[PDB]
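Colleague: Show me the folded form of this:
(chains A and B, ligands or ions: 1)
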Amino acid sequence: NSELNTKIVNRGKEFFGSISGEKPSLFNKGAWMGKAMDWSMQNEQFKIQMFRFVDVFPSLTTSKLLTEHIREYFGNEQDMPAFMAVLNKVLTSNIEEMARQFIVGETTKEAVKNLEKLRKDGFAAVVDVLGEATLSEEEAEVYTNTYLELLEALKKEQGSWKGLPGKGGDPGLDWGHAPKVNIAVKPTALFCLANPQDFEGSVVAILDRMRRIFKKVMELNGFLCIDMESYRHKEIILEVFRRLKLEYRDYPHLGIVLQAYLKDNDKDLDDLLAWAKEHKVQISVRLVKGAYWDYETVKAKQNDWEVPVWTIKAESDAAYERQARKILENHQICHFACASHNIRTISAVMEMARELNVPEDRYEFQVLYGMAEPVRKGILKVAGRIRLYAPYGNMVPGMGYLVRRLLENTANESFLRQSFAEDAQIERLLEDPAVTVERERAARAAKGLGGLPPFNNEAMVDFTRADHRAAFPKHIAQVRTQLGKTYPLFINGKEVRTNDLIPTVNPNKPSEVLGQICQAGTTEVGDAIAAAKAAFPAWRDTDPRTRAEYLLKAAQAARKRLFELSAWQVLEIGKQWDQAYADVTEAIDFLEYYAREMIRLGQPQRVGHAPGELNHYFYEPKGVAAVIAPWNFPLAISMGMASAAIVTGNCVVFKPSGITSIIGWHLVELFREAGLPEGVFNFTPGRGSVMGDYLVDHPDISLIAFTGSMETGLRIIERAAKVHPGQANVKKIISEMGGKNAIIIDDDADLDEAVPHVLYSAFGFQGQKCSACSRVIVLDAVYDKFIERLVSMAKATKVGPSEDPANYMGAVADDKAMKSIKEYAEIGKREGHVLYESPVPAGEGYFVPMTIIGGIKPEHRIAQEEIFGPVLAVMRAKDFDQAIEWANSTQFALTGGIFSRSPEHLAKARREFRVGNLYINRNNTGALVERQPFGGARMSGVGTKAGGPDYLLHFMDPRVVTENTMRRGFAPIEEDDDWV
Amino acid sequence: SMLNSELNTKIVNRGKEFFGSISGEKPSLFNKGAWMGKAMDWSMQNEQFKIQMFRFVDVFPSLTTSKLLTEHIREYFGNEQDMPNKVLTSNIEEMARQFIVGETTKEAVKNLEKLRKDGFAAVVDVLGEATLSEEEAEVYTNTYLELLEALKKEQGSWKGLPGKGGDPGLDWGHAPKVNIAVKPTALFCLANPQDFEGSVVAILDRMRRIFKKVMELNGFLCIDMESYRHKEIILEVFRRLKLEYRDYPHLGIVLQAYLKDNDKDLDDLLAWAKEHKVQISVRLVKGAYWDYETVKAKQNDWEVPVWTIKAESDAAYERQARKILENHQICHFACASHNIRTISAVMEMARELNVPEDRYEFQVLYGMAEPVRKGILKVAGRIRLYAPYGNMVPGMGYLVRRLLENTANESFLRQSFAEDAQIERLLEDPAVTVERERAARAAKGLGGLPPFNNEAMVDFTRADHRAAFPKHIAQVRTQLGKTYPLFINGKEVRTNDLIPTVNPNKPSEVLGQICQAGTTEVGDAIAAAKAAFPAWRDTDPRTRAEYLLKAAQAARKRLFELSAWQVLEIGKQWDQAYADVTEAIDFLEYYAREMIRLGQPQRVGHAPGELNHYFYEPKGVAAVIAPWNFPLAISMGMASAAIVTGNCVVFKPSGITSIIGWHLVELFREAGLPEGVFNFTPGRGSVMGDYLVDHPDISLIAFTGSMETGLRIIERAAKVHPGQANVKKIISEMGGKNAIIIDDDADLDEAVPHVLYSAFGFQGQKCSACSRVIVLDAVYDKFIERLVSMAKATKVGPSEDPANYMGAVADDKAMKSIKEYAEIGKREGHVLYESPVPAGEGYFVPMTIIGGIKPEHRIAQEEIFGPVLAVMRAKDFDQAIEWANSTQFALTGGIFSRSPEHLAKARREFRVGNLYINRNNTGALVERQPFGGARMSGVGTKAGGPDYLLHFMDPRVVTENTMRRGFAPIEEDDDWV
Ligand SMILES: Cc1cc2nc3c(=O)[nH]c(=O)nc-3n(C[C@H](O)[C@H](O)[C@H](O)COP(=O)(O)OP(=O)(O)OC[C@H]3O[C@@H](n4cnc5c(N)ncnc54)[C@H](O)[C@@H]3O)c2cc1C
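Modeller: Numbers count the residues shown, from 1 in each chain, chains lettered A, B, ... in the order given. There you are, the coordinates:
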């Protein structure tokens, strides 16, 4: 709209004029922070070092930690920038000063005092309470009580404050209309287990605390704003706002933050306004662009989710202006807080409101305390109604907040950087962002092999979606209509029934029988081996691209059944919703990845370059593969091992674990739907005590793929090494065995991240993973604090049936597992000291308490033996060297983790913490195909890594054909010949 | 320069007149009105068709049944509609007849007399398949004698061709009427510069017999020149024969202008003739083996002996022709070329130098370049046709070579008569063409290292290489009698248990005494290796690779010395010994590069906020248990692979090759390898064998040797003992029972010597050796007769004497075991050949060939590891493949066949680790032939290939969440926005 746009541009021009060249302190090159940010902006390596240093800074609580980190992040004094122990003191004082710039105080009393100073300078405030991530109920209560404490202090003071001057209205209110007390609350800080996987439980827990705060706010006629956090919780937070509003439909001073950088926001704003109209209530919206842009883009890309944010910056600006116009048009029902430091954005809001003649009591402006100083002052001068978002509290979360402000101010796309560091042209700065979008989209308008798209991991289940949340109960219900079947063997394309049946039951409810499984004797296993051996010649002679096509069809068949296949796993083996879905996506990943790997490896390659000669190097299968699969990843690992053997040209005799035989039957369904030729895949569940050695010992077996315990793996290795009469090959072992995996918690670890990652690593799926954290090795000086937070978080979780998404973990695999694990828990309780032992439900189910035991040392049994259940050992290391020594003190070497923000300690861990899969600053479980090829050596395996580029070669043997191409003195000349 | 321009003008003007007098007349091969011209036309337009057609003509004479013929036609040319029996046969046969003067002596003689009446002289050549036996050499020799007897009776009635003066009974008044050419290698089936003196004498003795008959007729004998391999031998034959008959003027030699050596060879021969005051004759040619020499040199890292720009050969010809003409007083000249420029250049140079006509003549091959031949007759008058005669079988091979000559891209005939090239380009001074082509031609390794190339094989065309072996064998003999200690943690450790090591061809010759490690010493070595491991593991992969490169240079500098040790200690022939050392060098160079390639962590996945790096780590202590049959090569390959990947090695050489094992100590010491990284512990298997394999500090075992021992090791290594860190990794190369299939259509000239070498090279003591030859029913009798006849020509004796084909086997135990197997085989089949062996000491087993062998027989199944070859008669090709696949082994295999269908079937179904087509099945080279198989022949590990180093390591992944406080560094390969 050209005329309006011209007014906006002129308003912006007047604004830049009234600023008089003033730079915000962060861009003041005369100040230390300005020099620091200037160099960060010119030098990306320095920015990364400086910003990461500020992040770790509040953990550097001794002189040694501090001195060492300074050297590790910035190098020696001679190699540092000019603007930078005396060095300890100067750096410390400058960083602390930077953080204080952005906070109104450290105590409630100080905050209140400083808020009054702000009022005398003409500024209103919205107060926020700084806090570390809420990891427990006790922490949520502290946060809640801090708001209550703040409100009580403000209640006593506000009567003595003259209201900020306005043009009309009520002289006891700010600008004649706004409540003097205004606070903002982060909803997820009110509940440590906030998760849309438990949508209702999360809404209620947050709502119950928000209600308590809100009641006190109303008691002093104040305003409560509910802030918006990451996209993961956006729908939860919207629902919290809607419920609290309907509980107090007549109270006007309740706001919600909406983020214009979200593609969803056009619909969300429209829905909320329509909702307010329908319910005949009023609302208030603080429109922001959004604070988590890099996080959302990374998180979505890590999970093959649609990126929920716009990714061209002008799109967020254009969305803001569009959505602000929508709000202002609806001022009758919607009060507006314009929260932005962008002069174009601010100018657009001002002129749109003027054009729509919106009453001034329906819109105000907000900025963050301590930044964009000239912008703040310009708003005061032109609009008069300006509120500062003012955090207060402890310096530890204050440093985290500081880093976020530094990121915001120094971003390449930041309006503040462009205006105040980069000398950007005013006309460009104030351009209609809609025009910017068109130009940027047009600019941006200007790989796989063999016609196949490149490999990408299958999208994870996404419980931000109502449809994904609804799918599970529906599919679990459908599965229940299918219970009670008898599952036969499947051999040479035919169903073969035996009369030895073993029931398979729900571990969370053993009275619920899912079905009966036929058991193969040695006769039937021998039959299956015979069928596989007979199908082998034609299958080996099938083109690798064709073999790969069967895997691609199986992947599509599985993809079309994703929630159904997932539901079976929830009931048969007690997978939580996310765990079950991830099992199926991983199976799909193996199929898509191994299909592409065979296509890659399937072409004979010329080796050497001598003329008159062609050497071609290529691979052939081995023969019949025995595949012996675990129950803990019943589709993923089964499908991975079987499909690798199949795509490489082998034929498979497959023994699923008894308690997940139905999931094993899914392989039959999937390969049959793909049209796999008869005998290439044979399904023979059976009693190991009857046919286990028989399968491994058989002369017609050429390879054995096994995943499971070390004891069984080692027995297989010993027996397989013998060559019996009639045996064609030396048997090839592909084996993934157990682990006793440690995560190290260094002194400088970010405990907000370390704690929930350790909890998930230890207790996700009841701890039943070869990759699970069973030892947490914690540095002396952070031990007490770490353990308090871990135990408190554990106490908040619930143990119960996996079909109920409210439960964190549930029953273990079967009766034998429960008894074994419980015995290990008793052993550990006599070795160390019990720190936590959860309640479990009464009645039936193979429940083992979520168990945490401290005081564990390397010489203890539960520091050495794989328990495969929810029993976590906590070990206290005297220094980092001992932490590493202890991590390396078992016979296993599968996975490991380290939380540390020390370059030197991370380097030492990369080199010396010699596990097959080492994870830095995140959980040590959940390895993905291609990204984390999985497996190790020592007693954890034989160095084969599933889901990686070396895996398929283990299922084959290389061959070379060498041809003398010269006849009667001449040879064809080939493209890669070394010629003349 | 000014003179150069002037003479070039006369040459160009002579060429222009030569062409003007031809005017549209084409050689019959370029006659597109004929079937021959049509087939060649399409060959020149379509290289794929050329390859099919020329290969078909090559295989054509083996197509002896209606089945063979019909199937080959389809396999080479496709269905009878995708193309461009009795008929196609007549066309190819007519094509071959164009180039030969007859099929019998009498027909040849009649046709030669006809040619005389048409004014053409001749030089007569006898066609033949390759000489593979003494009997064949005698047949070839007697055919010349027969020819000469026939000509002797006729020549008296021949009027000499007209000339300008002289003797009316001689051609042109001066040339002998009878002139024959002989191929020297056809006189000796084992001609080979590795036995230089033996080859010269055997050839000379037959050539002298022919020459005496030639002299009786007062005729001319030309000694033809063959491939570069035999050039020096042939020169020496000519020189000796000339001096035996210093006064007889009618003896010629061919010299090849396409050889870089020829400038010097011609200078040398001319100076030699002067010194000895004799006269000579030279037929100067460009050369017939160009493609072969180029390929052969490139295959062996030898300097290519031929010029590789065609104009360079032309330029060399004109340069060398001038030199001969300058020397006309002592050197008679035959200009042998179909090239009008070349011929015109010679005519003008003869005029410039005023050379008498009786000192030069012109020669062309019968049946080609007809207008060129006609032109020479008209202008010069002295033209002689090279006139081969004989059997259609070698006639077809000759046909192929002529078709190649005529249709080559750079052929002067093709450009003149097919391409309608501009006459100015055709008659250009080739020296100018050279400069232009060089200028145009004037207009990758990694980490700064050159790319890998296999080390050059020993080259016995060189006098220095021939002389080096006797020199170095003698030098090694001055160093015998030493006591060899263990080498543990950088220190020499003696023990009281000594085992002598002796020469298998002369067991009374003791090379030294070897200390034996007890379990105590082996445990000490393992402890040393274990202590050295953490620092070695942490050494940069590039640095570890540098040690291997230093060791490779150390070995390269000692090549002949290291070779000589093997000749004496284990009975390697000179070439076998040198090849063992070059293979060792190759492993070092190749594994160094492989570790450099594999040594850098690679990002995997592309998700942002995350870095996954995938990389490799060594395992720990490796036991390396090495064979005696490739005592440096395989030992060094296994040890250096383990070492470069970051492991430390405890190495047990075979007892009988312990000194070669010591060479590893010497080489790693010279490279400066850190102490403990390589330890040398020879010892008695019965004392410390199981100890070494069972030890809990061993993480890897690299073994090469017998199936029986390999299988025992695999079984024992599977157990995890108390304190054992890893499941032990096996890298194992075991035996074979390798077959070569001889198909009905096999080229027996190649199949026979390749099979003989595959079976008996190094006494058959190779895991890759051919111990079964499976021969198709219809070619059985023919193949076996030639194979046995070639075998009979070879001698068994000490490997230090290069005259011997093979020698003693490794030791007394091997001899006893192999002889028992021979007796078993003789009761199972029937002996076709059993060689004499020397009297007296030495572990000699006869070169033994046994027929009537079937898959149920023990010697069709069990690896003998000695000079015992089973011959098996297959009823059809399907059974041949079935039989090839009938053992428990699958290491190597070979097939001789010119059937695309059968070759395709073999590629698919003959499932050995290394299958060879139309060559021997031994001698695998690093990178070109990564070596190893499965079944009972190994565990699918392939030494010398790109999958090998990974077996000595385990992969690791480090995954880092790079996001802190909502931000992460953006990395280049991130999936982003
Ligand atoms: C008082 C106040 C309260 C706030 N409360 C919250 C809250 O509860 N929740 C929340 O999420 N944020 C909140 N914010 C917003 C956030 O903290 C930033 O301050 C704000 O987004 C910066 O925008 P801008 O108009 O100041 O600056 P600009 O430089 O104009 O805009 C920058 C913004 O654009 C977006 N952006 C950057 N790059 C791209 C890109 N490549 N593609 C698309 N978009 C891009 C980001 O949102 C970034 O923050 C609040 C802001 C204020 C002032």
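
Colleague: Would you mind measuring from the residue nearest to the spatial centre of chain A to residue A:841?
Modeller: What sits nearest the mean C-alpha location of chain A, by C-alpha atoms, centre = their mean, is residue A:299, with 6.5 Å. Distance of residue A:299 to residue A:841, computed by C-beta to C-beta, to the nearest Å: 33 Å. Bear in mind the C-beta positions are built from the backbone N, C-alpha and C, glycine included.

Colleague: Equivalent analysis for residue A:907, please.
Modeller: Applying C-beta to C-beta, the value for residue A:907 to residue A:841 is 46 Å.

Colleague: Looking at these two, which is more packed in?
Modeller: residue A:841 (15 against 11; other C-beta atoms under 10 Å in any protein chain shown).

Colleague: and the nearest residue to the more buried one once chain neighbours are set aside, how many neighbours?
Modeller: Excluding the flanking residues, the one nearest residue A:841 by C-beta to C-beta, 6 or more residues apart in numbering or on different chains is residue A:800, at 5.4 Å. Residues lying near residue A:800 (other C-beta under 10 Å) number 18.

Colleague: which residues sit in contact with residue A:800?
Modeller: A:508, A:806, A:807, A:810, A:840, A:841 (C-beta atoms under 8 Å, 6 or more residues apart in numbering or on different chains).

Colleague: what sits against residue A:61?
Modeller: residue A:781.

Colleague: which ones are touching residue A:317?
Modeller: A:289, A:342, A:344, A:345, A:433, A:436.

Colleague: Repeat the analysis, applying 10 Å as the threshold.
Modeller: Residue A:317 makes contacts with A:260-261, A:289, A:310, A:340, A:342, A:344-345, A:348, A:413, A:415, A:431-434, A:436-437, as judged by C-beta atoms under 10 Å, 6 or more residues apart in numbering or on different chains.

Colleague: for residue A:137, same thing?
Modeller: Per C-beta under 10 Å, 6+ apart, neighbours of residue A:137: A:191, A:192, A:193, A:205, A:209, A:792, A:793, A:795, A:796.

Colleague: Relative to residue A:457, how far out is the closest residue to the ligand within the stretch 451-600 of chain A?
Modeller: Residue nearest to the ligand within the stretch 451-600 of chain A: residue A:464 (15.4 Å; C-beta to the nearest ligand atom). The gap separating residue A:464 from residue A:457 is 18 Å, by C-beta to C-beta.

Colleague: For PyMOL, write a command that selects the buried ones of the contacts of residue A:317.
Modeller: Only the buried entries of those go into this PyMOL selection, using 16 or more other C-beta atoms under 10 Å in any protein chain shown:
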select buried, chain A and resi 260+261+289+310+340+342+344+345+348+415+431+432+433+434+436+437
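
Colleague: So which bits of the helix or strand hosting residue A:116 are buried?
Modeller: Assigned by DSSP states H and E, residue A:116 falls within helix A:108-120. For helix A:108-120, a neighbour-count test (16+ other C-beta under 10 Å) marks A:108, A:111, A:112, A:114, A:115, A:118, A:119 as buried.

Colleague: Pull up the residues of the stretch 251-400 of chain A that are close to the ligand.
Modeller: Within the stretch 251-400 of chain A, the positions near the ligand by C-beta under 6 Å from any ligand atom are A:257, A:259, A:261, A:288-293, A:309-313, A:315-316, A:339-342, A:345, A:366-368, A:389.

Colleague: go again using 8 Å as the cut-off
Modeller: Within the stretch 251-400 of chain A, the positions near the ligand by C-beta under 8 Å from any ligand atom are A:257, A:259-261, A:286, A:288-293, A:309-317, A:320, A:337, A:339-342, A:344-345, A:366-368, A:372, A:387-389.

Colleague: how long is stretch A:226-234 from one end to the other?
Modeller: Counting by C-alpha to C-alpha, to the nearest Å, you get 11 Å between the two ends of stretch A:226-234.

Colleague: List the buried residues of stretch A:390-406.
Modeller: Buried-residue list, stretch A:390-406, by 16+ other C-beta under 10 Å: A:390-393, A:395-406.

Colleague: and the residues you listed near chain B, which?
Modeller: For chain B, the contacts drawn from those by C-beta under 10 Å from any C-beta of the partner chain are A:399, A:400, A:401, A:402, A:403, A:404, A:406.

Colleague: Please list the members of these that lie in strands.
Modeller: Among these, no member falls in strands (DSSP state E).

Colleague: Tell me where the stretch 501-650 of chain A has strands.
Modeller: For the stretch 501-650 of chain A, the strands defined by DSSP state E, counting those that start in this stretch occupy A:501-506, A:509-518, A:605-607, A:613-621, A:624-628.

Colleague: Flag every buried residue along the shortest one.
Modeller: Of the residues in strand A:605-607, those buried by neighbour count under the rule 16+ other C-beta under 10 Å are residue A:607.

Colleague: partners of it, with directions?
Modeller: Under the criterion DSSP bridges, strand A:605-607 sits next to strand A:613-621 (antiparallel) in its sheet.

Colleague: And for the second one?
Modeller: Here strand A:509-518 has these sheet partners by DSSP bridges: strand A:485-487 (parallel), strand A:501-506 (antiparallel).

Colleague: No more questions from me, cheers.
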